[PDB]
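Note sheet for the following structure.
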Amino acid sequence: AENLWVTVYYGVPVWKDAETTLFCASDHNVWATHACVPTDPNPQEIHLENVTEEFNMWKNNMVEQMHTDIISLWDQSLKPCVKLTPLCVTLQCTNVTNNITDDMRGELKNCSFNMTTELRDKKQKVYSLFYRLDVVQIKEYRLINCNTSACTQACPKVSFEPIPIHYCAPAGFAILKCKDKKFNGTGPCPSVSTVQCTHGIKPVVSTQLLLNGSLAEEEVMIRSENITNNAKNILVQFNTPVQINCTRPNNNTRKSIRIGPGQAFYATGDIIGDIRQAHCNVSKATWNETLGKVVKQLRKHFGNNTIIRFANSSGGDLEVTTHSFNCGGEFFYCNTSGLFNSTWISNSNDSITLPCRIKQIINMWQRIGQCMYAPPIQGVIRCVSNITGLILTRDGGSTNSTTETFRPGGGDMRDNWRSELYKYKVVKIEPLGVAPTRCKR
Amino acid sequence: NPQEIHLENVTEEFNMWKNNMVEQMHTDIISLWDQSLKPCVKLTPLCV
Amino acid sequence: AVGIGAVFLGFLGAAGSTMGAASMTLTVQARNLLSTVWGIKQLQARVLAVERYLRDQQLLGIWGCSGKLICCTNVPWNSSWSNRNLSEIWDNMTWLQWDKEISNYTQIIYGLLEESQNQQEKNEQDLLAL
Amino acid sequence: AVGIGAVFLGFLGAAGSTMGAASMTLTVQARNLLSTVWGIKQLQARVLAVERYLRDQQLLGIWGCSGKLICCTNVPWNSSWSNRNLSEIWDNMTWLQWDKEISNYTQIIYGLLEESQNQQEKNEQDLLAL
Amino acid sequence: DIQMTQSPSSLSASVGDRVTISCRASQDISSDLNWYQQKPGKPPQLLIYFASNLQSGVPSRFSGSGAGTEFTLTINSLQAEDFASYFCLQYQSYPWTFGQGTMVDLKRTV
Amino acid sequence: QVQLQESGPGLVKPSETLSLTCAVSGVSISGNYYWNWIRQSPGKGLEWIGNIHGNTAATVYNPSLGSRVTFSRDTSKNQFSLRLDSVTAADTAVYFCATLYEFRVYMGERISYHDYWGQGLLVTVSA
Amino acid sequence: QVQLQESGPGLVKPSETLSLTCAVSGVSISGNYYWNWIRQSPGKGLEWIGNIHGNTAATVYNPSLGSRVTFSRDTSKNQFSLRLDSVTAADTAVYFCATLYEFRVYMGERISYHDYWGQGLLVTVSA
Ligand SMILES: *[C@@H]1O[C@H](CO)[C@@H](O[C@@H]2O[C@H](CO)[C@@H](O[C@@H]3O[C@H](CO)[C@@H](O)[C@H](O[C@H]4O[C@H](CO)[C@@H](O)[C@H](O)[C@@H]4O[C@H]4O[C@H](CO)[C@@H](O)[C@H](O)[C@@H]4O)[C@@H]3O)[C@H](O)[C@H]2NC(C)=O)[C@H](O)[C@H]1NC(C)=O
Ligand SMILES: *[C@@H]1O[C@H](CO)[C@@H](O[C@@H]2O[C@H](CO)[C@@H](O[C@@H]3O[C@H](CO)[C@@H](O)[C@H](O)[C@@H]3O)[C@H](O)[C@H]2NC(C)=O)[C@H](O)[C@H]1NC(C)=O
Ligand SMILES: *[C@@H]1O[C@H](CO)[C@@H](O[C@@H]2O[C@H](CO)[C@@H](O[C@@H]3O[C@H](CO)[C@@H](O)[C@H](O)[C@@H]3O)[C@H](O)[C@H]2NC(C)=O)[C@H](O)[C@H]1NC(C)=O
Ligand SMILES: *[C@@H]1O[C@H](CO)[C@@H](O[C@@H]2O[C@H](CO)[C@@H](O)[C@H](O)[C@H]2NC(C)=O)[C@H](O)[C@H]1NC(C)=O
Ligand SMILES: *[C@@H]1O[C@H](CO)[C@@H](O[C@@H]2O[C@H](CO)[C@@H](O)[C@H](O)[C@H]2NC(C)=O)[C@H](O)[C@H]1NC(C)=O
Ligand SMILES: *[C@@H]1O[C@H](CO)[C@@H](O[C@@H]2O[C@H](CO)[C@@H](O)[C@H](O)[C@H]2NC(C)=O)[C@H](O)[C@H]1NC(C)=O
Ligand SMILES: *[C@@H]1O[C@H](CO)[C@@H](O[C@@H]2O[C@H](CO)[C@@H](O)[C@H](O)[C@H]2NC(C)=O)[C@H](O)[C@H]1NC(C)=O
Ligand SMILES: *[C@@H]1O[C@H](CO)[C@@H](O[C@@H]2O[C@H](CO)[C@@H](O)[C@H](O)[C@H]2NC(C)=O)[C@H](O)[C@H]1NC(C)=O
Ligand SMILES: *[C@@H]1O[C@H](CO)[C@@H](O[C@@H]2O[C@H](CO)[C@@H](O)[C@H](O)[C@H]2NC(C)=O)[C@H](O)[C@H]1NC(C)=O
Ligand SMILES: *[C@@H]1O[C@H](CO)[C@@H](O[C@@H]2O[C@H](CO)[C@@H](O)[C@H](O)[C@H]2NC(C)=O)[C@H](O)[C@H]1NC(C)=O
Ligand SMILES: *[C@@H]1O[C@H](CO)[C@@H](O[C@@H]2O[C@H](CO)[C@@H](O)[C@H](O)[C@H]2NC(C)=O)[C@H](O)[C@H]1NC(C)=O
Ligand SMILES: *[C@@H]1O[C@H](CO)[C@@H](O)[C@H](O)[C@H]1NC(C)=O
Ligand SMILES: *[C@@H]1O[C@H](CO)[C@@H](O)[C@H](O)[C@H]1NC(C)=O
Ligand SMILES: *[C@@H]1O[C@H](CO)[C@@H](O)[C@H](O)[C@H]1NC(C)=O
Ligand SMILES: *[C@@H]1O[C@H](CO)[C@@H](O)[C@H](O)[C@H]1NC(C)=O
Ligand SMILES: *[C@@H]1O[C@H](CO)[C@@H](O)[C@H](O)[C@H]1NC(C)=O
């Protein structure tokens with residue numbers, strides 16, 4: 001009675017979840033844009049009406065691809081640069097006590113040593129200023145990395161400033177974006193659009209604080225894979241940014257030593273004027289208001305009468321225990337102890353100062369056997385940034401006590417990328433379909 | 001046996017100073033020169 | 001009426017529309033299926049896209065619907081696959097829901113189409129021999 | 001006769017069968033033609049396979065047999081190419097033996113097919129002119 | 001060329017008063033008319049399109065009606081920001097022609 | 001060669017659900033095969049439970065057992081599982097997983113026949 | 001959001017050529033859009049000069065002003081330019097570049113209507 005017949009349609013609008021390899025689109029730097037396609041000035045976005053999709057930030061494959069590409073670009077950038085093999089020698093070091101404050105005592109070492117030269121017969125005697133974190137005692141010291149590997153000096157022309165990059169999919173695939181506000185990274189998104197590819201994502205590297213990121217449009221957002229589990233980090237996205245201004249004020253000097261044919265090593269000659277600690281400043285009232293908003297949002301998941309405590313970091317290496325970042329080419333590690341120190345109970349112009357320490361030998365990623373040397377920068381350096389989120393971790397969480405203690409986290413850099421690609425997903429199109437219809441061949 | 005065809009009634013436009021073949025030839029020659037020198041001795045100890 | 005421009009819906013935005021309305025703009029979706037280590041990855045992706053397009057075209061051609069977007073065939077519709085009438089299919093459903101519904105009765109239809117096309121070709125060859 | 005499964009012959013199983021018997025399973029062979037330095041070699045092989053497939057498809061299309069597995073033509077069969085009749089071809093021979101027999105009468109048939117298709121196209125255009 | 005004539009040339013009304021303006025054509029133009037607002041030192045802004053449809057974001061007080069050679073723009077509840085010069089634009093046949101405009105200003109004691 | 005091996009708990013309680021899983025080697029379960037479950041008990045002898053079609057997932061059950069029988073198939077693990085709800089003392093038996101199919105040509109004659117009748121497992125029902 | 005920016009000389013002499021350029025951002029100019037040039041002067045009010053088609057380069061001009069105008073479009077720079085020849089004192093006016101169009105579905109109903117009406121530029125004619 002039905003007398004219906006099979007009929008084939010090509011170009012049906014359906015899709016399935018899939019994984020693929022995206023590519024560049026951008027408008028000397030470590031993040032090479034030379035090999036990146038130029039972005040179209042007029043991107044197109046198609047709002048998919050009546051389409052409800054499923055999203056899960058914690059299973060996205062784009063984060064892994066971004067991490068791999070970032071690591072590959074970093075490795076590629078350092079290949080055509082000098083290798084500091086001859087620098088592993090016995091250094092004779094003394095203390096620097098010329099116009100130093102009480103807090104900068106013993107932080108600098110004046111070290112003299114012998115070094116090679118252009119000719120393969122002669123030698124030279126040179127001296128430099130090193131940091132206390134870079135030299136280990138053997139009056140005779142040695143570089144910390146000499147018993148692990150040899151570091152490659154970063155070329156002094158390439159800049160470390162992040163640049164926006166857009167990740168665009170191949171033909172036959174599509175990128176879906178969730179426009180629904182208050183979306184907490186998991187579940188059904190009812191407002192969906194298709195974009196050719198994503199917005200500019202700056203590959204900013206930091207720990208314990210997200211800098212130069214993106215802000216929420218409605219209120220502070222809290223995300224976690226399993227908020228009842230204390231082994232999972234909590235991602236906090238602010239509504240308004242918090243300005244942080246900070247600097248290294250020492251007037252540094254740079255000198256070049258020729259250690260071979262067409263090979264130079266840049267060393268810190270001398271410091272002009274006073275010697276003072278590099279430090280960072282954050283406003284007090286703004287931070288208090290932000291913490292009030294954060295605790296107000298946190299009370300939703302942990303009861304309306306719980307006491308919320310902010311405390312210091314647990315411990316570990318210097319990178320995972322301090323707010324580590326890079327400003328003006330210099331690698332800062334700041335002691336964020338005055339920020340997460342307070343208790344909240346249910347019911348002008350001064351700023352908080354965080355002292356920081358500079359470092360030169362860097363293991364940027366969590367790897368062993370591959371280090372890098374940052375050449376010194378000339379003059380005083382300052383920079384201002386926006387704090388726009390936190391990576392918190394819940395301490396303990398037993399039922400014995402009715403108090404919750406949150407501490408700063410970090411370490412893994414995948415969370416930094418996850419905070420930006422939380423609303424994007426990739427699908428593949430299937431244009432073939434079969435339906436019942438009333439023809440007959 | 002190279003093959004060539006004569007196009008009658010065709011009058012084309014030519015410009016020697018905008019040819020892109022010259023750039024490709026230069027790049028190829030430089031690349032081959034660089035490639036040929038890779039498996040050879042490096043005179044580092046000669047600086048004395 | 002004069003001096004006014006017009007623009008139309010392009011890509012998959014027509015996915016929320018019903019099957020009857022969604023099957024009216026097949027070309028916009030159809031045209032978009034074609035267009036050192038990083039170079040290797042990009043070339044692999046391009047080759048994969050070309051291969052997928054060729055596989056789809058070969059599958060279309062094997063059934064006898066070569067060079068067509070809508071090609072209705074001779075295979076009858078078994079009621080065990082779906083018992084919904086045309087009123088509730090082409091005016092109260094979308095392509096995604098239909099694909100979800102008939103996801104487990106696809107290969108047998110393809111085999112039936114292949115066998116039917118082969119039989120039709122053999123019958124045509126027999127007819128032309130006279 | 002209920003609940004028992006069936007498994008059919010594979011890729012090249014009909015290689016020893018007669019021409020008539022083996023002509024009924026062309027799809028099983030047709031479907032199999034499509035699917036750091038090591039990656040280069042693999043990509044080269046894949047590109048070569050795609051090129052061969054496209055060349056074969058273009059050759060089929062130029063004769064007017066586009067999208068067909070069995071497509072008979074208008075060119076008469078010259079007796080000089082082969083004298084054997086249908087009885088000792090489609091029932092007492094295989095495809096390999098036939099290929100070995102007529103391996104030297106291939107290009108001329110291709111040219112005849114090409115010119116015949118061109119003439120048919122021109123005649124069809126002239127007829128449609130009216 | 002189709003001539004667009006507006007009436008009245010100028011009118012005075014108070015906040016909350018109902019304001020009506022008429023626009024007429026030399027020949028029939030079907031429903032291809034648009035009503036725009038223009039403040040001093042600002043570009044024209046669309047109020048009604050196709051003579052019966054309100055533009056998105058415009059306050060609901062503005063409305064348009066009519067057809068053929070007779071169209072009307074009505075403001076149900078005039079406000080402080082509604083005092084401006086209003087125009088009717090026709091686009092059925094080239095060239096496009098605008099009306100002379102009707103100015104609406106705040107009404108006050110003489 | 002094709003082999004079949006059964007697995008599952010040997011002892012089950014009355015009114016509980018008996019789950020058995022048959023794993024095959026030497027051939028995939030996604031092809032045109034019907035996987036059958038048979039049981040042998042004292043007195044009754046061989047008795048057929050039901051079967052499942054691998055490719056389409058079409059299942060047929062013995063009317064005697066009613067709706068107590070369910071089947072599932074896992075292609076990734078190459079296994080198929082039988083589920084018997086409301087097990088009683090009459091269900092104590094040795095269970096085998098079997099498959100019967102004929103290998104032939106496409107529009108021609110038949111080449112061979114195949115049945116395997118795997119080892120099976122003894123299952124008893126008691127609290 | 002689509003933005004239109006007018007540019008050109010603020011003054012011109014009689015009988016000379018007046019050249020203005022409207023740059024568009026946010027939408028490609030090569031689409032099916034009719035870019036329109038209009039002017040407003042005291043006494044005459046709004047007066048439509050002409051329009052040009054982005055895709056096909058088709059141009060239509062006001063019959064009253066005649067052949068004294070030429071419209072051009074540049075896709076690479078995403079702009080369209082108006083060139084009015086033999087300027088006079090009556091041509092002193094504020095020039096607007098705009099576009100009016102509708103967004104619909106292919107052989108169906110309408111979704112929205114769009115006009116922009118850029119800020120415009122003042123031009124005066126005098127020696
Ligand atoms: C968050 O974002 C904000 C703003 O986007 C970031 O703050 C900006 O940071 C950049 C980079 O530090 C800074 O730009 C520098 O400004 C300096 C002062 O004007 C310039 O001197 C400097 O140029 C030097 O460095 C470049 C490479 O970085 C070189 O290409 C250039 O030639 C200059 O180098 C010369 O001078 C040095 C020193 O004398 C010498 O050693 C060299 O050999 C060469 O001779 C940059 O232009 C911006 O001014 C900052 N903006 C603001 C508002 O503060 C912030 O850093 C971001 N946060 C994070 C964590 O990334
Ligand atoms: C997204 O979905 C909505 C509804 O889920 C779509 O709106 C629907 O559009 C159809 C056709 O345009 C309307 O059909 C109408 O039904 C009434 C029933 O009495 C009938 O009298 C009319 O003649 C007409 O057939 C339907 O009412 C309407 N739904 C609602 C709630 O208004 C919408 O079109 C979808 N979006 C897209 C892009 O397709
Ligand atoms: C491999 O070759 C053998 C023989 O070369 C094939 O066996 C042959 O199969 C055909 C069927 O296709 C038999 O034909 C039959 O012959 C009888 C008697 O003449 C006739 O009455 C039937 O109607 C039919 O025509 C043929 O006899 C048989 N040959 C022998 C020697 O038994 C075999 O089929 C080939 N392999 C495959 C896979 O086909
Ligand atoms: C680091 O040590 C070197 C060597 O002692 C210091 O350089 C010497 O400075 C004194 C006084 O300025 C001179 O008389 C010597 O001639 C210098 N030596 C050489 C080899 O040049 C240098 O000043 C020290 N730096 C600091 C910061 O204390
Ligand atoms: C640079 O090399 C010279 C020469 O080897 C070092 O001077 C010698 O030091 C050793 C032990 O330190 C003594 O036994 C020799 O008597 C020294 N010779 C002379 C001529 O002084 C010098 O100490 C090295 N410099 C540094 C900073 O280690
Ligand atoms: C820090 O945050 C402020 C406020 O969000 C940024 O200032 C905004 O910058 C955008 C640039 O895209 C402008 O569109 C906004 O109008 C600005 N807002 C204000 C209030 O000025 C500032 O650029 C951020 N700084 C960094 C380094 O990202
Ligand atoms: C979130 O984490 C909690 C804590 O681990 C999970 O609940 C636990 O699940 C394990 C599973 O073996 C049990 O052993 C624990 O006793 C459970 N703890 C509590 C407090 O219930 C929970 O399942 C996780 N959420 C999800 C969705 O898996
Ligand atoms: C961080 O804050 C401190 C104050 O706690 C600033 O110290 C002052 O810096 C100014 C520089 O303009 C000096 O004139 C004052 O004498 C300093 N006062 C004290 C008490 O040290 C410091 O400059 C701030 N740094 C940044 C980068 O903002
Ligand atoms: C961070 O730096 C900015 C400017 O670099 C500071 O903004 C100044 O704020 C003061 C308020 O005390 C104003 O008087 C100045 O006019 C502002 N200058 C500029 C350029 O905007 C900001 O106050 C600093 N914040 C902290 C915490 O140090
Ligand atoms: C967070 O604060 C605690 C105490 O307020 C710090 O503990 C101090 O650590 C230093 C360094 O080892 C010791 O010299 C002090 O004696 C400790 N104080 C106490 C009271 O135990 C802790 O180090 C801070 N967190 C970080 C990451 O530094
Ligand atoms: C980060 O800063 C805090 C606060 O200054 C440090 O805690 C102080 O550590 C010193 C040790 O030199 C103690 O004398 C103080 O009593 C500590 N402060 C308090 C409030 O107890 C902390 O040590 C710093 N982090 C590190 C790694 O040193
Ligand atoms: C250098 O100063 C530090 C800190 O005051 C001290 O621990 C160290 O012993 C000093 N070394 C000398 C004087 O050689
Ligand atoms: C290098 O020396 C440091 C300090 O003596 C030590 O902690 C580290 O383990 C050493 N490295 C290796 C590979 O033994
Ligand atoms: C927030 O995340 C939880 C995690 O499972 C999810 O169940 C919930 O739906 C999310 N919130 C909303 C509004 O979807
Ligand atoms: C640092 O020293 C140099 C050299 O004397 C001087 O020119 C410069 O002004 C100094 N920097 C500052 C911030 O004073
Ligand atoms: C931490 O907070 C307490 C007050 O709750 C204060 O006394 C103490 O000085 C603070 N510590 C730091 C390092 O700011």
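Just so we're on the same page: first chain in the structure tokens is A, next is B, and so on; residues restart at 1 for each chain, and ligands are numbered from 1 in the order they show up.
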Within 10 Å of chain G, which residues of chain E come that close, and what is the closest atom pair and distance in Å for each? Count only C-alpha atoms and give it as CSV.
```
residue,atom,partner,partner_atom,distance
E:1,CA,G:63,CA,9.0
E:41,CA,G:119,CA,9.4
E:42,CA,G:119,CA,7.5
E:43,CA,G:119,CA,6.2
E:44,CA,G:117,CA,6.9
E:45,CA,G:117,CA,7.7
E:46,CA,G:115,CA,7.8
E:49,CA,G:113,CA,8.1
E:55,CA,G:113,CA,7.8
E:56,CA,G:112,CA,8.6
E:87,CA,G:46,CA,9.4
E:89,CA,G:46,CA,9.7
E:94,CA,G:62,CA,7.8
E:95,CA,G:62,CA,5.7
E:96,CA,G:48,CA,5.9
E:97,CA,G:48,CA,6.7
E:98,CA,G:46,CA,6.2
E:99,CA,G:46,CA,8.1
E:100,CA,G:45,CA,6.5
E:101,CA,G:45,CA,8.1
```
Could you dump the residues just selected with C-alpha atoms as a PDB file, in the first residue's frame?
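Output saved as out_24.pdb:
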```
ATOM      1  CA  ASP E   1      10.613  60.679 -12.705  1.00  0.00           C
ATOM      2  CA  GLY E  41      23.994  66.591  12.110  1.00  0.00           C
ATOM      3  CA  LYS E  42      23.188  62.870  11.774  1.00  0.00           C
ATOM      4  CA  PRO E  43      22.513  60.617   8.768  1.00  0.00           C
ATOM      5  CA  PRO E  44      19.017  59.344   7.917  1.00  0.00           C
ATOM      6  CA  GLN E  45      17.808  56.372   9.966  1.00  0.00           C
ATOM      7  CA  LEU E  46      15.234  53.853   8.765  1.00  0.00           C
ATOM      8  CA  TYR E  49      10.471  49.519   5.309  1.00  0.00           C
ATOM      9  CA  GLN E  55      12.831  47.988  11.393  1.00  0.00           C
ATOM     10  CA  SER E  56      14.505  45.948  14.118  1.00  0.00           C
ATOM     11  CA  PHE E  87      11.287  61.540   4.712  1.00  0.00           C
ATOM     12  CA  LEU E  89      11.838  57.353  -0.236  1.00  0.00           C
ATOM     13  CA  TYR E  94      14.810  54.685 -11.366  1.00  0.00           C
ATOM     14  CA  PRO E  95      15.859  57.339 -10.407  1.00  0.00           C
ATOM     15  CA  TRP E  96      15.264  57.214  -6.641  1.00  0.00           C
ATOM     16  CA  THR E  97      13.373  60.287  -5.420  1.00  0.00           C
ATOM     17  CA  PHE E  98      12.949  61.664  -1.895  1.00  0.00           C
ATOM     18  CA  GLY E  99      10.223  63.839  -0.448  1.00  0.00           C
ATOM     19  CA  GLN E 100      10.777  67.420   0.639  1.00  0.00           C
ATOM     20  CA  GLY E 101      10.649  66.281   4.276  1.00  0.00           C
TER      21      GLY E 101
END
```
Problem set entry | Test item: chain C residues at most 9 Å from chain F, counting only C-alpha atoms, as a PyMOL selection string | chain C and resi 104-105+107-108
Next, write the just-selected residues to a file, as a short mmCIF file (atom, residue, chain, number, x, y, z; two decimals), in the first residue's frame, keeping N, CA and C atoms as the atom set.
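Wrote it out as again.cif, contents follow:
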```
data_model
loop_
_atom_site.label_atom_id
_atom_site.label_comp_id
_atom_site.auth_asym_id
_atom_site.auth_seq_id
_atom_site.Cartn_x
_atom_site.Cartn_y
_atom_site.Cartn_z
N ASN C 104 21.05 2.18 11.22
CA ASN C 104 21.33 0.75 11.33
C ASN C 104 20.73 -0.08 10.20
N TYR C 105 20.22 0.55 9.15
CA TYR C 105 19.68 -0.14 7.98
C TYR C 105 20.19 0.51 6.70
N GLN C 107 23.62 -0.39 5.03
CA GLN C 107 24.42 -1.23 4.14
C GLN C 107 23.54 -2.11 3.26
N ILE C 108 22.47 -2.67 3.82
CA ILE C 108 21.60 -3.55 3.05
C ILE C 108 20.96 -2.80 1.89
#
```
Exercise. What residues have any atom no more than 7 Å from ligand 14 when counting only C-alpha atoms and all ligand atoms, and can you list them as a VMD selection string?
Worked result: chain A and resid 182 to 188
For this session: Would you mind reading off the distance between atom CA of residue 85 of chain F and atom CA of residue 66 of chain F, one decimal, in Å?
Result: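 Going from atom CA of residue 85 of chain F over to atom CA of residue 66 of chain F, I get 10.2 Å.
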Exercise. Do you have the atom CA of residue 47 of chain C-atom CA of residue 425 of chain A distance handy?
Worked result: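 Result for atom CA of residue 47 of chain C versus atom CA of residue 425 of chain A: 22.8 Å, one decimal.
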For this session: Enumerate as number ranges by chain the residues within 6 Å of ligand 7, counting only C-alpha atoms and all ligand atoms.
Result: A: 226, 228-229
For this session: Kindly give the distance, in Å, that separates atom 50 (C, counted along the ligand's line) of ligand 1 and atom CA of residue 274 of chain A, rounded to a single decimal.
Result: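 Calculated distance between atom 50 (C, counted along the ligand's line) of ligand 1 and atom CA of residue 274 of chain A is 24.7 Å.
Every protein or nucleic acid residue with an atom no more than 12 Å from residue 37 of chain C, counting only C-alpha atoms and leaving out same-chain residues fewer than 5 positions away, appears here: residues 35, 69, 72, 73 and 76 of chain A; 42, 43 and 44 of chain C; 36, 37, 39 and 40 of chain D.
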Residue selection dump (C-alpha atoms) as a PDB file, in the first residue's frame:
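And here's again_3.pdb as it stands now:
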```
ATOM      1  CA  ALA A  35      54.682  29.540   6.895  1.00  0.00           C
ATOM      2  CA  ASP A  69      52.433  22.818  17.073  1.00  0.00           C
ATOM      3  CA  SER A  72      57.405  22.142  17.327  1.00  0.00           C
ATOM      4  CA  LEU A  73      57.636  25.855  16.502  1.00  0.00           C
ATOM      5  CA  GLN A  76      62.360  24.943  15.181  1.00  0.00           C
TER       6      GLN A  76
ATOM      7  CA  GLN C  42      48.746  19.264   4.619  1.00  0.00           C
ATOM      8  CA  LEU C  43      49.387  17.113   1.544  1.00  0.00           C
ATOM      9  CA  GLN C  44      48.041  14.061   3.374  1.00  0.00           C
TER      10      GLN C  44
ATOM     11  CA  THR D  36      59.718  11.146   6.572  1.00  0.00           C
ATOM     12  CA  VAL D  37      60.877   9.674   3.257  1.00  0.00           C
ATOM     13  CA  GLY D  39      55.665   9.162   3.933  1.00  0.00           C
ATOM     14  CA  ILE D  40      56.935  10.607   0.653  1.00  0.00           C
TER      15      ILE D  40
END
```
Rows by chain and residue number, chain A within 10 Å of ligand 4, shortest pair, only C-alpha atoms and all ligand atoms, as JSON lines:
```
{"residue": "A:93", "atom": "CA", "partner": "ligand 4", "partner_atom_place_in_ligand_line": "2 (O)", "distance": 8.8}
{"residue": "A:94", "atom": "CA", "partner": "ligand 4", "partner_atom_place_in_ligand_line": "2 (O)", "distance": 7.9}
{"residue": "A:95", "atom": "CA", "partner": "ligand 4", "partner_atom_place_in_ligand_line": "28 (O)", "distance": 7.7}
{"residue": "A:96", "atom": "CA", "partner": "ligand 4", "partner_atom_place_in_ligand_line": "28 (O)", "distance": 5.1}
{"residue": "A:97", "atom": "CA", "partner": "ligand 4", "partner_atom_place_in_ligand_line": "28 (O)", "distance": 6.9}
{"residue": "A:98", "atom": "CA", "partner": "ligand 4", "partner_atom_place_in_ligand_line": "28 (O)", "distance": 6.3}
{"residue": "A:99", "atom": "CA", "partner": "ligand 4", "partner_atom_place_in_ligand_line": "27 (C)", "distance": 9.4}
{"residue": "A:108", "atom": "CA", "partner": "ligand 4", "partner_atom_place_in_ligand_line": "27 (C)", "distance": 8.6}
{"residue": "A:109", "atom": "CA", "partner": "ligand 4", "partner_atom_place_in_ligand_line": "27 (C)", "distance": 8.5}
{"residue": "A:110", "atom": "CA", "partner": "ligand 4", "partner_atom_place_in_ligand_line": "1 (C)", "distance": 5.0}
{"residue": "A:111", "atom": "CA", "partner": "ligand 4", "partner_atom_place_in_ligand_line": "1 (C)", "distance": 7.1}
{"residue": "A:112", "atom": "CA", "partner": "ligand 4", "partner_atom_place_in_ligand_line": "2 (O)", "distance": 7.3}
{"residue": "A:125", "atom": "CA", "partner": "ligand 4", "partner_atom_place_in_ligand_line": "20 (C)", "distance": 8.4}
{"residue": "A:126", "atom": "CA", "partner": "ligand 4", "partner_atom_place_in_ligand_line": "20 (C)", "distance": 7.4}
{"residue": "A:127", "atom": "CA", "partner": "ligand 4", "partner_atom_place_in_ligand_line": "3 (C)", "distance": 6.7}
{"residue": "A:128", "atom": "CA", "partner": "ligand 4", "partner_atom_place_in_ligand_line": "1 (C)", "distance": 7.0}
{"residue": "A:129", "atom": "CA", "partner": "ligand 4", "partner_atom_place_in_ligand_line": "27 (C)", "distance": 7.2}
{"residue": "A:268", "atom": "CA", "partner": "ligand 4", "partner_atom_place_in_ligand_line": "27 (C)", "distance": 9.4}
{"residue": "A:269", "atom": "CA", "partner": "ligand 4", "partner_atom_place_in_ligand_line": "25 (N)", "distance": 7.7}
{"residue": "A:270", "atom": "CA", "partner": "ligand 4", "partner_atom_place_in_ligand_line": "27 (C)", "distance": 5.3}
{"residue": "A:271", "atom": "CA", "partner": "ligand 4", "partner_atom_place_in_ligand_line": "27 (C)", "distance": 6.2}
{"residue": "A:272", "atom": "CA", "partner": "ligand 4", "partner_atom_place_in_ligand_line": "27 (C)", "distance": 8.7}
{"residue": "A:275", "atom": "CA", "partner": "ligand 4", "partner_atom_place_in_ligand_line": "27 (C)", "distance": 9.8}
```
Exercise. Could you list, as a VMD selection string, all the residues within 8 Å of ligand 16, counting only C-alpha atoms and all ligand atoms?
Worked result: chain A and resid 337 to 339 341 to 343
For this session: Could you pull out the residues in segment 5-123 of chain F that DSSP calls strand (DSSP E or B) from the backbone, as number ranges by chain?
Result: F: 5-7, 11-12, 18-25, 34-41, 45-53, 59-61, 69-74, 79-84, 93-104, 110-115, 121-123
For this session: Identify all chain A residues at most 7 Å from chain B by counting only C-alpha atoms; ligands do not count. Present them as a PyMOL selection string.
Result: chain A and resi 119-121
Save the residues we just selected, N, CA and C atoms, as a PDB file, in the first residue's frame?
```pdb
ATOM      1  N   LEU A 119      90.824  31.977  17.341  1.00  0.00           N
ATOM      2  CA  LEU A 119      91.920  31.087  16.987  1.00  0.00           C
ATOM      3  C   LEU A 119      91.885  29.832  17.847  1.00  0.00           C
ATOM      4  N   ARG A 120      92.385  28.731  17.288  1.00  0.00           N
ATOM      5  CA  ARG A 120      92.448  27.447  17.973  1.00  0.00           C
ATOM      6  C   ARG A 120      93.753  27.259  18.750  1.00  0.00           C
ATOM      7  N   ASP A 121      94.452  28.348  19.075  1.00  0.00           N
ATOM      8  CA  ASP A 121      95.725  28.276  19.785  1.00  0.00           C
ATOM      9  C   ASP A 121      95.667  29.133  21.045  1.00  0.00           C
TER      10      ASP A 121
END
```
